[PDB]
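Undergrad: PDB entry and its sequence, pasted below:
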Amino acid sequence: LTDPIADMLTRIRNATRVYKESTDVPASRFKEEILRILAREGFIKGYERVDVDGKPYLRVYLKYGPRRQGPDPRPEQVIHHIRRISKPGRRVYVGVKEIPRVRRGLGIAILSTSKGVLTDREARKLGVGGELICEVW
Amino acid sequence: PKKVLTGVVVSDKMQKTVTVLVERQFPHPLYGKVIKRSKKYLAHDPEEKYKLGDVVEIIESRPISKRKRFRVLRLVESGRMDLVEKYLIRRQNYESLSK
Amino acid sequence: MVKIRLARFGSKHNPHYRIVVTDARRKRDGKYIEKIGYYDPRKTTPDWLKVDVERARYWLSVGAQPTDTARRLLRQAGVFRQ
Amino acid sequence: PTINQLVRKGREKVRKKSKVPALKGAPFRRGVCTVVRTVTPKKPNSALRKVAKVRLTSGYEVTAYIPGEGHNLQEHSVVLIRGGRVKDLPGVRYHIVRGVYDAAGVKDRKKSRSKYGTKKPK
Amino acid sequence: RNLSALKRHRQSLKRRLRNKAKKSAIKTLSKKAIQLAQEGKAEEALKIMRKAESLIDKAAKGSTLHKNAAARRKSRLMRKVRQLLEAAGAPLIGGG
Amino acid sequence: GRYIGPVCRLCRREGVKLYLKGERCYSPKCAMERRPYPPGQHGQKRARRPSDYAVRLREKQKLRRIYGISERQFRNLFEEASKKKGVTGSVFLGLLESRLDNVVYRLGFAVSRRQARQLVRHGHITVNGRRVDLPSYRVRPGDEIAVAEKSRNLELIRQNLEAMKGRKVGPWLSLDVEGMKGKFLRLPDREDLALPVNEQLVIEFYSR
RNA sequence: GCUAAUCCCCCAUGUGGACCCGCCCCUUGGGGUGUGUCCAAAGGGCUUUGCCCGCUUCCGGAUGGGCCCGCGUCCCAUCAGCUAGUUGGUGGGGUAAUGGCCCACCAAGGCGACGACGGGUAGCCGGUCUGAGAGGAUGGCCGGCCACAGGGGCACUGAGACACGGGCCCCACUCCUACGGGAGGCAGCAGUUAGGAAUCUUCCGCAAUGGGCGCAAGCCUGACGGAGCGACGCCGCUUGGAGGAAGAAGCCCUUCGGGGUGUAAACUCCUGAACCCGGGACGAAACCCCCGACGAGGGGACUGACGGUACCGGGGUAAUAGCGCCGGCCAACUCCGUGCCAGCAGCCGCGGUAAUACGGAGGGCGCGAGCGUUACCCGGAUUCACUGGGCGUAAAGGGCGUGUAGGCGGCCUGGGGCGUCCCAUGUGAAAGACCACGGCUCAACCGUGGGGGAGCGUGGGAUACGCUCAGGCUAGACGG
RNA sequence: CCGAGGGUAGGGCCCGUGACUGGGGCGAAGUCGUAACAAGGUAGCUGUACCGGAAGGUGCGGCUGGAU
Ligand code: SF4
Ligand SMILES: [Mg+2]
Ligand SMILES: [Mg+2]
Ligand SMILES: [Mg+2]
Ligand SMILES: [Mg+2]
Ligand SMILES: [Mg+2]
Ligand SMILES: [Mg+2]
Ligand SMILES: [Mg+2]
Ligand SMILES: [Mg+2]
Ligand SMILES: [Mg+2]
Ligand SMILES: [Mg+2]
Ligand SMILES: [Mg+2]
Ligand SMILES: [Mg+2]
Ligand SMILES: [Mg+2]
Ligand SMILES: [Mg+2]
Ligand SMILES: [Mg+2]
Ligand SMILES: [Mg+2]
Ligand SMILES: [Mg+2]
Ligand SMILES: [Mg+2]
Ligand SMILES: [Mg+2]
Ligand SMILES: [Mg+2]
Ligand SMILES: [Mg+2]
Ligand SMILES: [Mg+2]
Ligand SMILES: [Mg+2]
Ligand SMILES: [Mg+2]
Ligand SMILES: [Mg+2]
Ligand SMILES: [Mg+2]
Ligand SMILES: [Mg+2]
Ligand SMILES: [Mg+2]
Ligand SMILES: [Mg+2]
Ligand SMILES: [Mg+2]
Ligand SMILES: [Mg+2]
Ligand SMILES: [Mg+2]
Ligand SMILES: [Mg+2]
Ligand SMILES: [Mg+2]
Ligand SMILES: [Mg+2]
Ligand SMILES: [Mg+2]
Ligand SMILES: [Mg+2]
Ligand SMILES: [Mg+2]
Ligand SMILES: [Mg+2]
Ligand SMILES: [Mg+2]
Ligand SMILES: [Mg+2]
Ligand SMILES: [Mg+2]
Ligand SMILES: [Mg+2]
Ligand SMILES: [Mg+2]
Ligand SMILES: [Mg+2]
Ligand SMILES: [Mg+2]
Ligand SMILES: [Mg+2]
Ligand SMILES: [Mg+2]
Ligand SMILES: [Mg+2]
Ligand SMILES: [Mg+2]
Ligand SMILES: [Mg+2]
Ligand SMILES: [Mg+2]
Ligand SMILES: [Mg+2]
Ligand SMILES: [Mg+2]
Ligand SMILES: [Mg+2]
Ligand SMILES: [Mg+2]
Ligand SMILES: [Mg+2]
Ligand SMILES: [Mg+2]
Ligand SMILES: [Mg+2]
Ligand SMILES: [Mg+2]
Ligand SMILES: [Mg+2]
Ligand SMILES: [Mg+2]
Ligand SMILES: [Mg+2]
Ligand SMILES: [Mg+2]
Ligand SMILES: [Mg+2]
Ligand SMILES: [Mg+2]
Ligand SMILES: [Mg+2]
Ligand SMILES: [Mg+2]
Ligand SMILES: [Mg+2]
Ligand SMILES: [Mg+2]
Ligand SMILES: [Mg+2]
Ligand SMILES: [Mg+2]
Ligand SMILES: [Mg+2]
Ligand SMILES: [Mg+2]
Ligand SMILES: [Mg+2]
Ligand SMILES: [Mg+2]
Ligand SMILES: [Mg+2]
Ligand SMILES: [Mg+2]
Ligand SMILES: [Mg+2]
Ligand SMILES: [Mg+2]
Ligand SMILES: [Mg+2]
Ligand SMILES: [Mg+2]
Ligand SMILES: [Mg+2]
Ligand SMILES: [Mg+2]
Ligand SMILES: [Mg+2]
Ligand SMILES: [Mg+2]
Ligand SMILES: [Mg+2]
Ligand SMILES: [Mg+2]
Ligand SMILES: [Mg+2]
Ligand SMILES: [Mg+2]
Ligand SMILES: [Mg+2]
Ligand SMILES: [Mg+2]
Ligand SMILES: [Mg+2]
Ligand SMILES: [Mg+2]
């Protein structure tokens, strides 16, 4: 497996699209810190470190909207959109002045900085940049 | 300051001179990705103390000969023949790129 | 010598000099060492003269040589007052 | 392509192919006429289009259109040419400028006169 | 068809003479002393070597030698003579 | 220079009265009053649906035709507005307004801007004292726009000065008859003018 | 053959400076010291036992340079191998100085898919143009650097040149002549000719700014300041304004009733470009002269090419409009003529007897001392796609493996801090652009202030992620 | 000694041109047939090979992107 991060986000995107309550992703002290942001900002209900066949995972509790009126009652997503920015194929790094404004404020950019994993908003606050991990809304 | 660079010695076959290979990374000015580029410097070694495989630092210096404008600053590591392999094997592949 | 003099900017029938320190061997309107003030000979504004005085005294100490018609605009700003 | 591939091979800026080579980068070029005759257009048109073969200051010899109704061009007629093909006469890629050198303006143009080198009337 | 550039060429020819003549001598002497110093013959080497050094610095007064040339010619002159007398010694005058 | 020809055909093509003459503009001898249909052979033919392009051309031309201004000069202002802070549409109208010849006609010294030019051009107008004969002078707030002294005694300006005694002048302007002098107070809010122009459609013309 | 000097030389003098050897600090040849040796000079002038300008050796400043190094700098791989002064060494030559820059000897090295070598094209930058940006294209004018001076080579003089209007030599070409012999180098300003689609006056002045020489007066300055030509560009301005018929003539259309041109014209009145007359600049206050001290400081005067021009005043004439287009894209429609002809055309397409598409006409649309065409650049073109595309059938998966370089890589802990991120600081010239203001009656143009930046150097910090080193693990992989 | 260049000799790359010749594009108002598109009247296409005025044919093997 070549990108653990991209893998996680996709495990999520894929599940959210058939409306699973949760999904398991292989555990990591870096992936968690990202989940810590996904939950805090209310994209997920949250996560808990579980175990499958002796091996550490992160069970991720997914969140959606109301049932709907019309022929397609499938609720709206909370995570409509999540995608790698930086990648192993091309590391993407921004300085503070060039951190993007996701979706006109309504979305976030998680980034990894030397002050930990932050959002665009938070990064601007401590005034640091870093590897732009991804974008969510 | 006098520019200082670090690299592997790939040749000791000159008298009082070593070929030191210095490597560097930088993002592609358009495609972003971090890319490596390398370069050989003829470094002055009056003492013939530097061996093949040494990792060393070299400091820009007043010109010693045509092409030699660096003296060897100091030893850093010894016995990196694995680096020397990477270079030597690459040159050996060149016999296979011709016609 | 290095010189203090008058580089003409502005335009036709509309002079506007920059009193400036430059090498004598430069062309008039060429790269100068340092700007130190300006001078509107047509006097068309309230300060048709400005001169950093603190600076012009330095260059003189260090050997700069002003032109005649620059020596004056240094008198008029009293760079010379003893 | 992958990003690495692009680092490796780059993208290719595609060059343009001039459509008026005989001009050798000039706005116009002077010439002399060799053959001055009529040509028949391709389907679906039918006519007798007026054409001059012109030998250039730029080394080249080309067929150029003679616009207007009627002309005074014959062998040895000196002529200035401009660019622009005539879609229906393949190989013709240039126009003779009326009103220049031995190419007379059109007798009795009233409309669009500048394009035909016809002076203003009384 | 005229100029005082002519004048300036007229002069260069004359300065050229005085220069070349001066430089000739320096080499004649330096080599003379170096020759002596080889077969040294120490007093004489040193004697001529002084006559050189004098003439060198004399040349450095004007356009003939830039000061650093004079320095350099002197430096190499002396080094040669001394190290030559090392193959037999010993310094009979000055110097030094 | 500027348009300088039959000026009633302008209104008829525009489908609206533009007050390009002055007096006869208010009479029933006005062209729009008699033939409120486009000049020339086909004016009475049933108009067919104008295209979008068509529409924005007219709104632009109409605004332009009002000021008697050349298309370049019009452009250069607009572009100026596009670089200048704020809502371009407002600022554009504002800058169109600050033209000497317009200011003069707004302060009533003339019956038509077309007459307000020849006044400025013939130096009968001045600003802050000094004479100005430039129909394009960009008037700023605070300026005193007066009739020339040597022109105060003139038949036509008299007749025209007599006509303003109590007709009220826009909120951005003050006027002192007898003193023959007016004053430029501020740039017009859009409401301060009510020209038959959706100025937005003008922006839309220049973004193609 | 003779004669002068700030020309040349000789000795003396030594603050100093140079050089060899030793020593101390440093640390590439930096600073000091001891012995030895070696090197200075030119006087002119006035108000004349005192000034001024020169002359000499040294130190430091300033300014301008040389050399060196990191990174950046186009097309072709149908150019894949290149290299003998080649790569390094030792000694020496040379220079201001390092260096194969040059030589002698020794060693066998140096370079190249990260694209050497070769071919092609190009002076590079500040900038410019376009573009939402990213990018693309470009390097004219202005500023910075480089290179060159008919084509080559060379050195001399000199602080500095291997010297555009200096020298030597060879070549090509032209000219002069008295036919023996000589001359020249506009890629300085104008100007001629050739070439070309095409690009200026053999003008004026040193008044201003600047430069050279001079104690200074001052002399020279095709730098420059201005004037001339050209709609080449941008900016400004004019050919008028108001009033004026249910609306002439003419011309165009028509259902023959009328509709259009058109308030357009006439005509009436108001203004007043041009043109006349008078006056008339800013740019110029220094240098010098005065007293003071030849300084600080205060007064004297000279001087303007542009130019009797701008501009101010007074008088005063209604006074140039053209060009493209009107099938769709695209804003603008009818009549005649023509009849797959003559012709139009950017693409699609028009024309074969009722053509809004040809030609004329009336009318209309668009711009206006301009309009249009041709050429070229970016745009639309996410149609080379980083931003921002694609590959079952549209163009596009290698015939399949194996595998070199490379690119990329699981979980946990530490060390380092290369990428990365932050702070400080230097640099990031001037002009241009951007925001403010201000001067030419506006503008264009121009001036004063402001705002920054990427990117590189330096110092300090952070350590999530990528890297690197080190120690663990078993979910990948491999083995039993 | 080196040295502009000149001379002798042999090489490499590129441009122009050349009796004649090979196909190609186009035009179109012709001659000859009718190979493909329908089961296109022998399913088609295919690499290769031999052959025929010409499209083409046949052999071998492959593909369906073949009608019934
Ligand atoms: S009369 Fe006044 S308003 Fe009516 S048309 Fe003529 S100008 Fe326009
Ligand atoms: Mg991206
Ligand atoms: Mg060496
Ligand atoms: Mg046809
Ligand atoms: Mg010819
Ligand atoms: Mg036409
Ligand atoms: Mg002289
Ligand atoms: Mg001799
Ligand atoms: Mg000297
Ligand atoms: Mg010399
Ligand atoms: Mg104009
Ligand atoms: Mg609309
Ligand atoms: Mg705006
Ligand atoms: Mg109105
Ligand atoms: Mg109104
Ligand atoms: Mg636009
Ligand atoms: Mg004598
Ligand atoms: Mg002496
Ligand atoms: Mg050798
Ligand atoms: Mg050496
Ligand atoms: Mg030298
Ligand atoms: Mg060499
Ligand atoms: Mg490399
Ligand atoms: Mg390549
Ligand atoms: Mg070439
Ligand atoms: Mg070139
Ligand atoms: Mg774009
Ligand atoms: Mg270029
Ligand atoms: Mg150019
Ligand atoms: Mg330049
Ligand atoms: Mg040359
Ligand atoms: Mg030469
Ligand atoms: Mg020449
Ligand atoms: Mg020559
Ligand atoms: Mg010279
Ligand atoms: Mg020369
Ligand atoms: Mg040179
Ligand atoms: Mg020169
Ligand atoms: Mg010359
Ligand atoms: Mg004779
Ligand atoms: Mg002779
Ligand atoms: Mg001559
Ligand atoms: Mg010609
Ligand atoms: Mg000329
Ligand atoms: Mg000129
Ligand atoms: Mg002068
Ligand atoms: Mg002067
Ligand atoms: Mg002097
Ligand atoms: Mg002159
Ligand atoms: Mg009627
Ligand atoms: Mg009527
Ligand atoms: Mg009529
Ligand atoms: Mg009628
Ligand atoms: Mg009228
Ligand atoms: Mg004056
Ligand atoms: Mg048009
Ligand atoms: Mg259009
Ligand atoms: Mg239309
Ligand atoms: Mg006919
Ligand atoms: Mg007809
Ligand atoms: Mg048309
Ligand atoms: Mg027509
Ligand atoms: Mg568009
Ligand atoms: Mg693009
Ligand atoms: Mg294009
Ligand atoms: Mg992409
Ligand atoms: Mg596509
Ligand atoms: Mg296909
Ligand atoms: Mg396959
Ligand atoms: Mg194969
Ligand atoms: Mg590998
Ligand atoms: Mg790796
Ligand atoms: Mg990892
Ligand atoms: Mg680590
Ligand atoms: Mg770091
Ligand atoms: Mg910075
Ligand atoms: Mg700047
Ligand atoms: Mg102003
Ligand atoms: Mg500025
Ligand atoms: Mg900016
Ligand atoms: Mg760490
Ligand atoms: Mg490990
Ligand atoms: Mg396993
Ligand atoms: Mg030779
Ligand atoms: Mg030769
Ligand atoms: Mg010869
Ligand atoms: Mg042929
Ligand atoms: Mg043939
Ligand atoms: Mg068949
Ligand atoms: Mg068939
Ligand atoms: Mg068949
Ligand atoms: Mg077959
Ligand atoms: Mg047959
Ligand atoms: Mg057969
Ligand atoms: Mg098969």
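TA: Right, received. Where do you want to start? Numbering: from 1, shown residues only, chains lettered A, B, ... in the order given. Ligands and ions are numbered 1, 2, ... in the order given.
Undergrad: Okay, now stretch F:114-129: how far is its last residue from its first?
TA: 23 Å (CA to CA, to the nearest Å).
Undergrad: quick check, it touching RNA strand G?
TA: Yes: judged by CB under 7 Å from any atom of the strand, stretch F:114-129 comes into contact with RNA strand G at F:114, F:115, F:117, F:118, F:119, F:121, F:122, F:123, F:124, F:127. Bear in mind the C-beta positions are built from the backbone N, C-alpha and C, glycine included.
Undergrad: Whichever of the residues you listed end up buried, select them in PyMOL.
TA: To isolate the buried ones among the residues of stretch F:114-129 next to RNA strand G in PyMOL, judged by 16 or more other CB atoms under 10 Å in any protein chain shown, type:
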select buried, chain F and resi 114+115+117+119+124+127
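Undergrad: Would you point out the most distant pair within the residues of stretch F:114-129 next to RNA strand G?
TA: Taking CB to CB, the two most distant members of the residues of stretch F:114-129 next to RNA strand G are F:114 and F:127; they sit 20.3 Å apart.
Undergrad: Columns distance to residue D:103 and secondary structure on top of the residues of stretch F:114-129 next to RNA strand G, output as JSON lines?
TA: Below are the residues of stretch F:114-129 next to RNA strand G laid out as JSON lines (distance: CB to CB, whole Å; DSSP: H, G, I helix; E, B strand; the rest coil):
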{"residue": "F:114", "distance to residue D:103": "45", "secondary structure": "helix"}
{"residue": "F:115", "distance to residue D:103": "50", "secondary structure": "helix"}
{"residue": "F:117", "distance to residue D:103": "45", "secondary structure": "helix"}
{"residue": "F:118", "distance to residue D:103": "47", "secondary structure": "helix"}
{"residue": "F:119", "distance to residue D:103": "51", "secondary structure": "helix"}
{"residue": "F:121", "distance to residue D:103": "45", "secondary structure": "helix"}
{"residue": "F:122", "distance to residue D:103": "49", "secondary structure": "coil"}
{"residue": "F:123", "distance to residue D:103": "51", "secondary structure": "coil"}
{"residue": "F:124", "distance to residue D:103": "54", "secondary structure": "coil"}
{"residue": "F:127", "distance to residue D:103": "56", "secondary structure": "strand"}
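Undergrad: Make CSV from the residues of stretch F:114-129 next to RNA strand G and add distance to residue A:47 to it.
TA: Formatted as CSV, these follow (distance: CB to CB, whole Å):
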residue, distance to residue A:47
F:114, 77
F:115, 80
F:117, 76
F:118, 82
F:119, 80
F:121, 80
F:122, 84
F:123, 83
F:124, 83
F:127, 74
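Undergrad: Which residue lies nearest the spatial centre of the chain?
TA: Using chain A here. Taking CA atoms, centre = their mean, the centroid of chain A lies closest to residue A:38, which sits 5.1 Å from it.
Undergrad: ah, I was thinking of chain D
TA: Note: chain D centre (CA atoms, centre = their mean) maps to residue D:94, 1.0 Å.
Undergrad: again with chain F
TA: residue F:67 (3.8 Å).
Undergrad: Can you report phi and psi for that one?
TA: Taking degrees, to the nearest 10, you get phi -90, psi 0 for the backbone angles of residue F:67.
Undergrad: so it touches residue F:99, yeah?
TA: Yes: counting by CB atoms under 8 Å, residue F:99 is a contact partner of residue F:67 at 7.2 Å.
Undergrad: shared neighbours of those two, anything?
TA: Counting by CB atoms under 8 Å, 6 or more residues apart in numbering or on different chains, residue F:67 and residue F:99 have no shared contacts at all.
Undergrad: Which strands or helices does the lengthiest helix in chain C pack on?
TA: Ranked by residue count, the top helix of chain C under DSSP state H comes out as helix C:53-62. Counting contacts by 3 or more CB pairs under 8 Å, 6 or more residues apart in numbering or on different chains; DSSP states H and E, helix C:53-62 packs against strand C:2-11, strand C:34-39.
Undergrad: Nearest to chain B within chain E, name that residue for me.
TA: Residue nearest to chain B within chain E: residue E:68 (17.1 Å; CB to the nearest CB).
Undergrad: which element is that residue on?
TA: According to DSSP states H and E, residue E:68 maps onto helix E:67-85.
Undergrad: ok, how many other residues are close to residue A:92?
TA: When neighbours are counted by other CB atoms under 10 Å in any protein chain shown, residue A:92 registers 16.
Undergrad: Could you confirm whether the longest helix anywhere in chain E reaches RNA strand G?
TA: The longest helix of chain E (DSSP H) is helix E:5-38. Yes: applying CB under 7 Å from any atom of the strand, one finds helix E:5-38 in contact with RNA strand G at E:5, E:6, E:8, E:9, E:11, E:12, E:13, E:15, E:16, E:18, E:19, E:20.
Undergrad: now those residues in TSV, with distance to residue F:81?
TA: As requested, the residues of helix E:5-38 next to RNA strand G are exported to TSV (distance: CB to CB, whole Å):
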residue	distance to residue F:81
E:5	64
E:6	69
E:8	66
E:9	69
E:11	72
E:12	70
E:13	75
E:15	73
E:16	75
E:18	78
E:19	75
E:20	79
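Undergrad: Tabulate these (TSV), appending neighbour count and distance to chain B.
TA: Formatted as TSV, those follow (neighbours: other CB atoms under 10 Å in any protein chain shown; distance: CB to the nearest CB, whole Å):
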residue	neighbour count	distance to chain B
E:5	8	40
E:6	9	43
E:8	9	38
E:9	10	38
E:11	10	39
E:12	9	35
E:13	8	38
E:15	12	34
E:16	10	34
E:18	12	36
E:19	15	31
E:20	11	32
